[PDB]
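Visitor: Let me give you the structure first, and then I'll get to my questions.
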Amino acid sequence: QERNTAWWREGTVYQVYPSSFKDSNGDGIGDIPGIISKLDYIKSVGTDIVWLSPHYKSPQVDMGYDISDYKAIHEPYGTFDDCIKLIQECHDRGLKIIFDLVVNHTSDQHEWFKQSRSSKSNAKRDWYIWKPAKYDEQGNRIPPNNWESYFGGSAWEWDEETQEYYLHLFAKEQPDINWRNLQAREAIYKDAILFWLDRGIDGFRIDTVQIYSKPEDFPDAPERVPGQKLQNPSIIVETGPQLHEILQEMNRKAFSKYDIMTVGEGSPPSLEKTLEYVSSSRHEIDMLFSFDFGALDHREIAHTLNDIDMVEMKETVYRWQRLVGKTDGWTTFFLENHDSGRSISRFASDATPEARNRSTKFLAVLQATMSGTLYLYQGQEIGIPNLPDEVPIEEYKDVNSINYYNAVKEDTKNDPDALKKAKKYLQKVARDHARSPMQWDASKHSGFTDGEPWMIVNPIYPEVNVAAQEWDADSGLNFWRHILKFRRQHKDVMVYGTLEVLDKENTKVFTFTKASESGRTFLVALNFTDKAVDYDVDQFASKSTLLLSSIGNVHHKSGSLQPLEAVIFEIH
Ligand SMILES: OC[C@H]1O[C@H](O)[C@H](O)[C@@H](O)[C@@H]1O
Ligand SMILES: [Ca+2]
């Protein structure tokens, strides 16, 4: 198997969130014709590959990640031929398109589940994970173990009609597929994978790629949150006994028969296990998204915020950037997606118009200099920040936000201080900041819809919008376009370059080198603080020439880095 890999290795991915990108018929929901009408705009950002988030038939409990039919399209997004049209419209403009592959679980409204839960004698019973109840010391009915769902509460839902519990790592409406059942494997391969590979898509975003295979004895998860009864089982379900078997099967049967790229969500903590997923040798998948970088400012399982430790951040960047050049694997880099808070709000300053612009360019240098495939999320190019403090919790429509807040309200019996702390946490890292409609212009709802949007449009939209940034040479959008042109022109060091960290102990400035095997080497310095810091490039590079600064080359002062200034130098 000799393949065309350069297109995914060097390509820039733009992630589209169907519900929030563009509404073409004023019902307040985004749709496929809206996407088709904005494809020229996507191309103009610098995009090679479009990553469409789940658009298939779904009750929208988890906004597309609970699928009720792999072969049909969610009616508000448009018709089945609208989906085929989008694939062609992308292709017409030189854009590839990848779909979201959600196969750890299905909707509870999927016909496969309606059959599974119907009776214990049903032919498709074993297609999902059913377990009998356990009884505690005092005779009460309890689940098979302490596993917690990622959205709160136990991971086992009680089906009274069949007196048995079904496994659900996500919502009660997302029952987990039993991957031990070969008949269910074939059903997924045919409907969720080969059906769309046969319609000409260029690849998939594989969800929760580590958790398909559960250990046969479903043992209690470890005490990750001291003294709490239920425990998230991510650490014991990740890379299960059949996981690599499954990925190997998906490659030989589907991925290897088409010219595509596969990107998996979730990576192991070690290099040798990570290479078991992405090494060319292995013929499984091409690259992985790691949660490490996104986890520097919060701990999801404990719903706690924390200050970013500069040295841990550097070690996290190096942990995965080390795959490029020293191995036959690959890696990715991203600061945003549908499951995260806005990047300028979490990693830079969003306080003022000037700060939003300076921060957008700052993070742009951080991402542009990282090796591996680069991923942008709709909005990131124009510096959309997080929803401000004045937006109340009722507007946070995401199920993860509602379940957490409700669990605080229940477990603390409306402790008002606990609710304020729960809201503060949600204001920094909720998934809702990434789902507020795309900001196109300064008209009603930032020109996203003529109707009433399905979720609140960020109220900074009059300042922050595409049309405002299009003809402004100094906008974050035109900075993003230039930095991607720079990235392609210097791909030997930016895309394929080996990364090495210098001045490790420095807590204010991150300094690293990107070296090609051709010879060429760049040095990147980022001042993550908001005060001027003394910085001397000559202590880390014999000879150097400034190529670009995020604050403007003429504003760069030798012997210092300005607040949130990132610089690229050619050295050696
Ligand atoms: O499908 C359940 C969850 O897993 C997926 O990986 C998605 O990225 C996330 O948005 C979703 O809530
Ligand atoms: Ca619509």
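Labeling convention for the structure tokens: chains A, B, ... as they appear, residues from 1 per chain, ligands from 1 in order of appearance.
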For segment 85-199 of chain A versus segment 244-266 of chain A, which residues have an atom no more than 10 Å away, and what is each residue's nearest atom pair and distance in Å rounded to one decimal, using only C-alpha atoms, chain-then-number order, as CSV?
Guide:
```
residue,atom,partner,partner_atom,distance
A:96,CA,A:260,CA,9.4
A:97,CA,A:260,CA,9.7
A:98,CA,A:261,CA,8.1
A:99,CA,A:262,CA,9.9
A:100,CA,A:263,CA,9.7
A:101,CA,A:264,CA,9.5
A:179,CA,A:246,CA,8.2
A:180,CA,A:246,CA,9.7
A:185,CA,A:246,CA,8.6
A:189,CA,A:250,CA,7.4
A:190,CA,A:254,CA,9.3
A:193,CA,A:254,CA,7.1
A:194,CA,A:254,CA,6.3
A:197,CA,A:258,CA,7.2
A:198,CA,A:258,CA,8.8
```
Visitor: Around ligand 2, at most 12 Å away and counting only C-alpha atoms and all ligand atoms, which residues are there? Put them as a PyMOL selection string, please.
Guide: chain A and resi 18-35+74-79+448-454
Visitor: Could you save those same residues with N, CA, C and O atoms as a compact mmCIF listing (two decimals), in the first residue's frame?
Guide:
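selection-v4.txt was written with the following content:
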```
# COMPACT_ATOMS: atom_id res chain seq x y z
N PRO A 18 -22.42 22.27 11.71
CA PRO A 18 -23.59 22.53 10.88
C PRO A 18 -24.66 23.44 11.47
O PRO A 18 -25.08 24.32 10.80
N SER A 19 -25.01 23.25 12.73
CA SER A 19 -26.07 24.01 13.41
C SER A 19 -25.68 25.47 13.58
O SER A 19 -26.58 26.26 13.62
N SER A 20 -24.41 25.83 13.62
CA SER A 20 -24.01 27.22 13.95
C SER A 20 -23.23 27.93 12.84
O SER A 20 -22.84 29.06 13.08
N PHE A 21 -22.99 27.32 11.69
CA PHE A 21 -22.20 27.99 10.63
C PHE A 21 -23.05 29.01 9.88
O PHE A 21 -22.76 30.17 9.99
N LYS A 22 -24.09 28.60 9.16
CA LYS A 22 -24.89 29.54 8.35
C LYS A 22 -26.30 29.00 8.10
O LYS A 22 -26.40 27.88 7.61
N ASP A 23 -27.35 29.79 8.40
CA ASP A 23 -28.77 29.46 8.18
C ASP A 23 -29.18 30.13 6.87
O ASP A 23 -29.00 31.32 6.75
N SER A 24 -29.75 29.39 5.92
CA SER A 24 -30.15 29.92 4.59
C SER A 24 -31.66 30.12 4.48
O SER A 24 -32.06 30.59 3.43
N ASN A 25 -32.47 29.83 5.51
CA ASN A 25 -33.95 29.95 5.41
C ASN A 25 -34.62 30.46 6.69
O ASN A 25 -35.72 30.02 6.95
N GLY A 26 -33.96 31.30 7.47
CA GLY A 26 -34.49 32.00 8.66
C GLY A 26 -35.19 31.17 9.72
O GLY A 26 -35.95 31.77 10.46
N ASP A 27 -34.93 29.87 9.85
CA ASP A 27 -35.55 29.08 10.95
C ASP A 27 -34.63 29.08 12.19
O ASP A 27 -34.96 28.39 13.13
N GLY A 28 -33.47 29.74 12.13
CA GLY A 28 -32.53 29.91 13.26
C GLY A 28 -31.51 28.80 13.37
O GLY A 28 -30.65 28.89 14.21
N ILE A 29 -31.58 27.79 12.51
CA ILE A 29 -30.68 26.62 12.53
C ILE A 29 -29.75 26.70 11.34
O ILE A 29 -30.24 26.94 10.28
N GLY A 30 -28.50 26.33 11.47
CA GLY A 30 -27.58 26.34 10.33
C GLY A 30 -27.89 25.19 9.41
O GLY A 30 -28.41 24.20 9.89
N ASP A 31 -27.52 25.26 8.14
CA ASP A 31 -27.88 24.15 7.23
C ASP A 31 -26.87 23.99 6.11
O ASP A 31 -26.06 24.88 5.91
N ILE A 32 -26.95 22.87 5.40
CA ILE A 32 -26.02 22.49 4.31
C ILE A 32 -26.05 23.52 3.19
O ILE A 32 -24.98 23.85 2.72
N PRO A 33 -27.18 24.10 2.73
CA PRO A 33 -27.13 25.14 1.72
C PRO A 33 -26.34 26.36 2.22
O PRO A 33 -25.71 26.98 1.43
N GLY A 34 -26.47 26.70 3.49
CA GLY A 34 -25.67 27.78 4.10
C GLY A 34 -24.19 27.45 3.97
O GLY A 34 -23.45 28.31 3.57
N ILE A 35 -23.79 26.23 4.27
CA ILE A 35 -22.37 25.80 4.19
C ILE A 35 -21.92 25.98 2.74
O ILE A 35 -20.94 26.69 2.53
N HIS A 74 -30.02 14.78 8.91
CA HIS A 74 -30.87 15.51 9.84
C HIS A 74 -31.69 16.50 9.00
O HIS A 74 -31.08 17.34 8.35
N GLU A 75 -33.02 16.46 9.08
CA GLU A 75 -33.95 17.19 8.19
C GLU A 75 -33.67 18.70 8.22
O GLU A 75 -33.63 19.26 7.14
N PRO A 76 -33.52 19.41 9.35
CA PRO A 76 -33.18 20.84 9.32
C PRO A 76 -31.90 21.22 8.56
O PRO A 76 -31.84 22.30 8.08
N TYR A 77 -30.91 20.34 8.51
CA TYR A 77 -29.65 20.58 7.78
C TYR A 77 -29.96 20.52 6.28
O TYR A 77 -29.37 21.28 5.53
N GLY A 78 -30.91 19.68 5.88
CA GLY A 78 -31.34 19.57 4.48
C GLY A 78 -31.58 18.14 4.07
O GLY A 78 -31.49 17.28 4.91
N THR A 79 -31.80 17.93 2.78
CA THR A 79 -32.11 16.63 2.16
C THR A 79 -30.86 15.78 1.98
O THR A 79 -29.78 16.29 2.14
N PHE A 448 -26.07 35.71 10.59
CA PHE A 448 -26.08 34.24 10.58
C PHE A 448 -27.47 33.76 10.21
O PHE A 448 -27.61 32.70 9.62
N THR A 449 -28.48 34.54 10.55
CA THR A 449 -29.87 34.14 10.25
C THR A 449 -30.83 35.33 10.22
O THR A 449 -30.57 36.29 10.92
N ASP A 450 -31.88 35.25 9.42
CA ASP A 450 -32.95 36.28 9.37
C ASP A 450 -33.97 35.98 10.46
O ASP A 450 -34.69 36.88 10.83
N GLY A 451 -34.00 34.77 11.02
CA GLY A 451 -34.96 34.38 12.06
C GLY A 451 -34.38 34.57 13.45
O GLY A 451 -33.64 35.53 13.62
N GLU A 452 -34.76 33.74 14.41
CA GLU A 452 -34.27 33.79 15.80
C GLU A 452 -33.27 32.65 15.95
O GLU A 452 -33.69 31.51 15.77
N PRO A 453 -31.99 32.87 16.30
CA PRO A 453 -31.05 31.77 16.34
C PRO A 453 -31.41 30.71 17.39
O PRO A 453 -31.93 31.05 18.40
N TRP A 454 -30.97 29.47 17.16
CA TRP A 454 -31.21 28.30 18.03
C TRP A 454 -30.43 28.41 19.35
O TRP A 454 -30.75 27.66 20.26
```
Visitor: Quick one: residues within 12 Å of segment 4-6 of chain A, only C-alpha atoms counted, chain neighbours fewer than 6 positions away excluded, as an MDAnalysis selection string?
Guide: chainID A and resid 12 48 202 256 258:262 280 286:287 329:330 372:373 488 491:492 495:496
Visitor: Would you mind exporting the chosen residues as a PDB file, in the first residue's frame, restricted to N, CA and C atoms?
Guide:
```pdb
ATOM      1  N   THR A  12      -4.508  22.215   5.676  1.00  0.00           N
ATOM      2  CA  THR A  12      -5.122  22.991   6.763  1.00  0.00           C
ATOM      3  C   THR A  12      -6.590  22.566   6.863  1.00  0.00           C
ATOM      4  N   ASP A  48      -7.539  23.631   3.026  1.00  0.00           N
ATOM      5  CA  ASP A  48      -7.530  22.516   2.077  1.00  0.00           C
ATOM      6  C   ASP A  48      -8.687  21.529   2.372  1.00  0.00           C
ATOM      7  N   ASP A 202     -13.633  12.257   1.613  1.00  0.00           N
ATOM      8  CA  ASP A 202     -12.158  12.135   1.672  1.00  0.00           C
ATOM      9  C   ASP A 202     -11.661  11.625   3.018  1.00  0.00           C
ATOM     10  N   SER A 256      -8.200   1.556   3.866  1.00  0.00           N
ATOM     11  CA  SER A 256      -7.106   1.242   2.924  1.00  0.00           C
ATOM     12  C   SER A 256      -7.593   1.077   1.478  1.00  0.00           C
ATOM     13  N   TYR A 258      -9.665   3.258  -0.120  1.00  0.00           N
ATOM     14  CA  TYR A 258      -9.984   4.602  -0.663  1.00  0.00           C
ATOM     15  C   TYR A 258      -8.818   5.547  -0.353  1.00  0.00           C
ATOM     16  N   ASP A 259      -8.701   6.631  -1.109  1.00  0.00           N
ATOM     17  CA  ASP A 259      -7.645   7.652  -0.916  1.00  0.00           C
ATOM     18  C   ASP A 259      -8.186   8.636   0.111  1.00  0.00           C
ATOM     19  N   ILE A 260      -7.966   8.383   1.400  1.00  0.00           N
ATOM     20  CA  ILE A 260      -8.561   9.181   2.506  1.00  0.00           C
ATOM     21  C   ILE A 260      -7.547   9.427   3.635  1.00  0.00           C
ATOM     22  N   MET A 261      -7.919  10.277   4.581  1.00  0.00           N
ATOM     23  CA  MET A 261      -7.182  10.560   5.829  1.00  0.00           C
ATOM     24  C   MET A 261      -8.092  10.171   6.991  1.00  0.00           C
ATOM     25  N   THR A 262      -7.560   9.614   8.063  1.00  0.00           N
ATOM     26  CA  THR A 262      -8.350   9.333   9.280  1.00  0.00           C
ATOM     27  C   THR A 262      -7.694  10.070  10.457  1.00  0.00           C
ATOM     28  N   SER A 280       2.901   4.388  10.460  1.00  0.00           N
ATOM     29  CA  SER A 280       2.611   3.845   9.138  1.00  0.00           C
ATOM     30  C   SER A 280       2.683   2.335   9.149  1.00  0.00           C
ATOM     31  N   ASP A 286      -4.179   7.464  10.784  1.00  0.00           N
ATOM     32  CA  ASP A 286      -3.099   8.387  10.358  1.00  0.00           C
ATOM     33  C   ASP A 286      -2.586   9.321  11.458  1.00  0.00           C
ATOM     34  N   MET A 287      -3.450   9.897  12.275  1.00  0.00           N
ATOM     35  CA  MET A 287      -3.045  10.864  13.310  1.00  0.00           C
ATOM     36  C   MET A 287      -4.085  10.889  14.433  1.00  0.00           C
ATOM     37  N   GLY A 329       5.281   8.012  12.455  1.00  0.00           N
ATOM     38  CA  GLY A 329       3.924   8.415  12.816  1.00  0.00           C
ATOM     39  C   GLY A 329       3.655   9.823  12.370  1.00  0.00           C
ATOM     40  N   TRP A 330       2.583  10.400  12.858  1.00  0.00           N
ATOM     41  CA  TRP A 330       2.163  11.781  12.570  1.00  0.00           C
ATOM     42  C   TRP A 330       1.457  12.323  13.811  1.00  0.00           C
ATOM     43  N   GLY A 372       2.912  18.572  11.987  1.00  0.00           N
ATOM     44  CA  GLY A 372       1.665  17.804  12.004  1.00  0.00           C
ATOM     45  C   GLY A 372       0.594  18.508  11.195  1.00  0.00           C
ATOM     46  N   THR A 373      -0.594  17.935  11.092  1.00  0.00           N
ATOM     47  CA  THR A 373      -1.726  18.548  10.371  1.00  0.00           C
ATOM     48  C   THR A 373      -2.316  19.638  11.261  1.00  0.00           C
ATOM     49  N   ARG A 488       2.982  27.127   4.293  1.00  0.00           N
ATOM     50  CA  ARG A 488       3.128  26.299   3.072  1.00  0.00           C
ATOM     51  C   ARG A 488       4.488  26.569   2.434  1.00  0.00           C
ATOM     52  N   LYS A 491       7.220  24.813   4.555  1.00  0.00           N
ATOM     53  CA  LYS A 491       6.629  23.563   5.077  1.00  0.00           C
ATOM     54  C   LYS A 491       7.718  22.611   5.546  1.00  0.00           C
ATOM     55  N   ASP A 492       8.914  22.684   4.985  1.00  0.00           N
ATOM     56  CA  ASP A 492      10.016  21.776   5.373  1.00  0.00           C
ATOM     57  C   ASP A 492      10.263  21.935   6.881  1.00  0.00           C
ATOM     58  N   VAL A 495       5.726  22.308   8.841  1.00  0.00           N
ATOM     59  CA  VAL A 495       4.840  21.123   8.761  1.00  0.00           C
ATOM     60  C   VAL A 495       5.608  19.866   9.129  1.00  0.00           C
ATOM     61  N   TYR A 496       6.775  19.688   8.545  1.00  0.00           N
ATOM     62  CA  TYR A 496       7.595  18.471   8.673  1.00  0.00           C
ATOM     63  C   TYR A 496       8.770  18.646   9.634  1.00  0.00           C
TER      64      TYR A 496
END
```
Visitor: Rounded to one decimal place, report the atom CA of residue 62 of chain A-atom 10 (O, counted along the ligand's line) of ligand 1 distance in Å.
Guide: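 Straight-line distance from atom CA of residue 62 of chain A to atom 10 (O, counted along the ligand's line) of ligand 1 works out to 7.2 Å.
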Visitor: Any idea what the distance is between atom CA of residue 276 of chain A and atom CA of residue 504 of chain A?
Guide: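 About the pair atom CA of residue 276 of chain A and atom CA of residue 504 of chain A: they are 29.0 Å apart.
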Visitor: Do you know which residues are within 6 Å of ligand 1 using only C-alpha atoms and all ligand atoms? Can you write them as an MDAnalysis selection string?
Guide: chainID A and resid 62 65 170 207:208 339
Visitor: Store the residues of this selection in a file with N, CA, C and O atoms, as an mmCIF file, in the first residue's frame.
Guide:
```
data_model
loop_
_atom_site.group_PDB
_atom_site.id
_atom_site.type_symbol
_atom_site.label_atom_id
_atom_site.label_comp_id
_atom_site.auth_asym_id
_atom_site.auth_seq_id
_atom_site.Cartn_x
_atom_site.Cartn_y
_atom_site.Cartn_z
ATOM 1 N N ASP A 62 -27.304 15.109 22.078
ATOM 2 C CA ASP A 62 -25.862 15.451 22.065
ATOM 3 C C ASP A 62 -25.525 16.070 20.703
ATOM 4 O O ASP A 62 -24.467 15.797 20.176
ATOM 5 N N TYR A 65 -24.154 13.756 17.827
ATOM 6 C CA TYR A 65 -23.295 12.636 18.281
ATOM 7 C C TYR A 65 -24.136 11.457 18.804
ATOM 8 O O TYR A 65 -23.542 10.479 19.249
ATOM 9 N N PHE A 170 -21.727 8.055 27.575
ATOM 10 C CA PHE A 170 -22.183 9.450 27.361
ATOM 11 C C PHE A 170 -23.627 9.582 27.889
ATOM 12 O O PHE A 170 -23.845 9.087 28.976
ATOM 13 N N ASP A 207 -14.556 9.500 16.359
ATOM 14 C CA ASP A 207 -14.826 9.873 17.767
ATOM 15 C C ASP A 207 -14.299 8.810 18.710
ATOM 16 O O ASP A 207 -14.305 7.674 18.286
ATOM 17 N N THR A 208 -13.952 9.211 19.940
ATOM 18 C CA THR A 208 -13.542 8.371 21.088
ATOM 19 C C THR A 208 -12.849 7.119 20.598
ATOM 20 O O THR A 208 -13.282 6.056 20.952
ATOM 21 N N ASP A 339 -15.971 21.083 21.154
ATOM 22 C CA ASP A 339 -15.972 20.669 22.577
ATOM 23 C C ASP A 339 -15.119 21.549 23.489
ATOM 24 O O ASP A 339 -14.797 21.084 24.553
#
```
Visitor: Give me the residues within 9 Å of residue 357 of chain A as number ranges by chain, counting only C-alpha atoms and dropping any in the same chain fewer than 6 places off.
Guide: A: 350, 382-383, 474-476
Visitor: Extract, using only C-alpha atoms, all DNA, RNA and protein residues at most 10 Å from residue 538 of chain A, discarding same-chain residues fewer than 4 positions from it, and format them as a list in words.
Guide: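 Listed by chain and then number, they are residues 542, 543, 544, 559 and 571 of chain A.
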Visitor: With C-alpha atoms retained, could you export that selection as a PDB file, in the first residue's frame?
Guide:
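Output saved as selection05.pdb:
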```pdb
ATOM      1  CA  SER A 542      24.553  32.223  17.065  1.00  0.00           C
ATOM      2  CA  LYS A 543      23.082  34.187  14.088  1.00  0.00           C
ATOM      3  CA  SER A 544      19.387  35.074  13.515  1.00  0.00           C
ATOM      4  CA  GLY A 559      16.236  42.708  23.643  1.00  0.00           C
ATOM      5  CA  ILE A 571      18.852  30.788  12.594  1.00  0.00           C
TER       6      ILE A 571
END
```
Visitor: Segment 17-251 of chain A: which residues are strand (DSSP E) by DSSP, as a PyMOL selection string?
Guide: chain A and resi 49-52+56-57+69-73+96-101+130-131+134-135+141-142+156-159+164-167+203-206
Visitor: Write out as a list in words the residues lying within 8 Å of residue 483 of chain A, counting only C-alpha atoms and excluding same-chain residues fewer than 6 positions away.
Guide: residues 364, 365 and 368 of chain A
Visitor: Calculate how many Å separate atom CA of residue 389 of chain A from atom CA of residue 63 of chain A, rounding to one decimal.
Guide: 24.3 Å
Visitor: Give one line per residue of segment 289-361 of chain A that approaches segment 132-151 of chain A to at most 12 Å, naming the two atoms of the closest pair and their distance in Å to one decimal, counting only C-alpha atoms; sort by chain then ascending residue number and deliver it as CSV.
Guide:
```
residue,atom,partner,partner_atom,distance
A:300,CA,A:150,CA,9.0
A:301,CA,A:150,CA,7.9
A:302,CA,A:150,CA,11.0
A:303,CA,A:150,CA,11.2
```
Visitor: Once you have the residues from the selection above, write them out as a PDB file, in the first residue's frame, restricted to N, CA, C and O atoms.
Guide:
```
ATOM      1  N   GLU A 300     -11.503  18.207  33.681  1.00  0.00           N
ATOM      2  CA  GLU A 300     -12.884  17.834  33.319  1.00  0.00           C
ATOM      3  C   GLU A 300     -13.522  16.879  34.324  1.00  0.00           C
ATOM      4  O   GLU A 300     -14.609  17.152  34.700  1.00  0.00           O
ATOM      5  N   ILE A 301     -12.861  15.833  34.779  1.00  0.00           N
ATOM      6  CA  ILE A 301     -13.516  14.840  35.670  1.00  0.00           C
ATOM      7  C   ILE A 301     -13.874  15.439  37.034  1.00  0.00           C
ATOM      8  O   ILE A 301     -14.840  14.972  37.607  1.00  0.00           O
ATOM      9  N   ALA A 302     -13.165  16.457  37.513  1.00  0.00           N
ATOM     10  CA  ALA A 302     -13.431  17.118  38.808  1.00  0.00           C
ATOM     11  C   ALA A 302     -14.128  18.462  38.625  1.00  0.00           C
ATOM     12  O   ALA A 302     -14.418  19.089  39.622  1.00  0.00           O
ATOM     13  N   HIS A 303     -14.392  18.863  37.386  1.00  0.00           N
ATOM     14  CA  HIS A 303     -14.962  20.169  37.011  1.00  0.00           C
ATOM     15  C   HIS A 303     -14.288  21.279  37.818  1.00  0.00           C
ATOM     16  O   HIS A 303     -14.987  22.082  38.398  1.00  0.00           O
TER      17      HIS A 303
END
```
Visitor: Mind checking which residues fall within 8 Å of residue 485 of chain A, counting only C-alpha atoms, ignoring those fewer than 4 positions away in the same chain, and posting them as a ChimeraX atom specification?
Guide: /A:46,481,489
Visitor: List every residue of segment 205-450 of chain A that DSSP, applied to the backbone, labels as helix (DSSP H, G or I), and write the result as number ranges by chain.
Guide: A: 234-237, 243-253, 255-257, 271-278, 280-282, 293-295, 300-302, 310-321, 343-347, 353-368, 380-382, 393-395, 399-411, 416-429, 431-434, 444-447
Visitor: My list of candidates is A:106, A:436, A:369, A:352. Which is closest to residue 463 of chain A when distances are computed with only C-alpha atoms?
Guide: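 For residue 463 of chain A, the nearest of the candidates is A:352.
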Visitor: With distances taken over only C-alpha atoms, which of A:290, A:162, A:469, A:507 is nearest to residue 309 of chain A?
Guide: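 Among the listed residues, the smallest separation from residue 309 of chain A belongs to A:507.
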Visitor: Using only C-alpha atoms, can you tell me which of A:218, A:127, A:444, A:191 comes closest to residue 156 of chain A?
Guide: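 Comparing A:218, A:127, A:444, A:191 against residue 156 of chain A, the winner is A:218.
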